[PDB]
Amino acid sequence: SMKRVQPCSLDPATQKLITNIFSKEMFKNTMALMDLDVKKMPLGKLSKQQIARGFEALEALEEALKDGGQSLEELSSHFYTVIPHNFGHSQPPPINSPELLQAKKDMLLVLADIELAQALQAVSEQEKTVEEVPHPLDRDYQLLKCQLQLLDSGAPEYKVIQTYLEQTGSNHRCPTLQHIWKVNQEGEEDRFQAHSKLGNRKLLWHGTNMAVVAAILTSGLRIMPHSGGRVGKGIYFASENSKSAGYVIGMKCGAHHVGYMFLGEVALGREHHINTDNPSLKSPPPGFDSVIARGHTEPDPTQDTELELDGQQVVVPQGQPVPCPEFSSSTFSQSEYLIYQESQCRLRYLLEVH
């Protein structure tokens, strides 16, 4: 007979976050923004197998791009059969450049995290048998297996975070800070403790699609087989909020535009600095723990402060960006900070920005 729904334990801010990051509208919006045909690929129909077939088709395309084999056209057509796209019921375009191939890999990585959020929400048999259920938002929070604590104005780190955001965000249209949560994804702790000898820790921005926030809270920042970009197959961070905010896909809610950004503690250790793009990188050179694509600018190092997190000092930039004359000819306007092991980052904060 009828189960009791227990009252929600969550504060309003956290309720809104959990509503947003599991929202079916949000997920379908994201799919439409990536040109996917949501009518032929509904959320409940997404499968790991379908996604795996999509990567196989792109793998075949990539081989063709590097025979008497199938044309890029034919191979593209196969991809589009496996992963339905919407282009106003015109033909979808051929995947015939490295840039576009990577764009499709990135779409599929986002889609794989949407599928993860759907799988996560599957109702277990224990939940079918208990006579009282948590409020749906408590249930969704619990699935993350990630502790979130909303911070108020006088948490020790609050002003330091706000200063990082303000001093390194866009000069004309800085994102407006609404909330900060401390993030404790346990199961990150053990692997991150591995690098406690490794110095040079920095708190760095990671901006993303709203649609991958649940996945990240569940599994941490990840390097996937088809990950790539201007500095290769790693996890990308920025020291300038404005660089990371470029990757934030927010969603219109009422009269404003809501977005989420992370701050991670990154054990950078011995840095290798580059000044030109290298998409082929899969690790730092021998003897180095990270790769920094150095920008024309950097938050003024003289203003760096520190936080203490789990008894370690973590550098937090507090300065506006200034020119770095040694990197004035860099192919990078702003720095990209790369690690190539998922263990070298721990999620620390999540921010809601408008």
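Position 1 is the first residue in the sequence shown; the rest follow in order.
According to the record, 1 to 3 deposited residues between residue 66 and residue 67 are left without atomic coordinates. Stretch comparison (97-105 versus 229-237) by mean CA B-factor in the PDB entry places 97-105 on top. With 203-211 and 163-171 compared on mean CA B-factor from the PDB entry, the stretch scoring higher is 163-171. Between the residues 243, 273, 270, 89, the entry's highest C-alpha temperature factor is the one at 89. The maximum CA B-factor among the listed residues 157, 113, 138, 74, taken from the PDB record, is found at 74.
In the PDB entry, a CA B factor belonging to the middle third of its chain's modelled residues is recorded for residue 37. For residue 261, the recorded CA temperature factor ranks within the lowest third of the chain's modelled residues. In the PDB entry, a CA B factor belonging to the middle third of its chain's modelled residues is recorded for residue 54. Ranked by Cα temperature factor within the chain, residue 134 sits in the lowest third according to the deposited record. Sorting the modelled residues of the chain by their CA temperature factor places residue 304 in the middle third.
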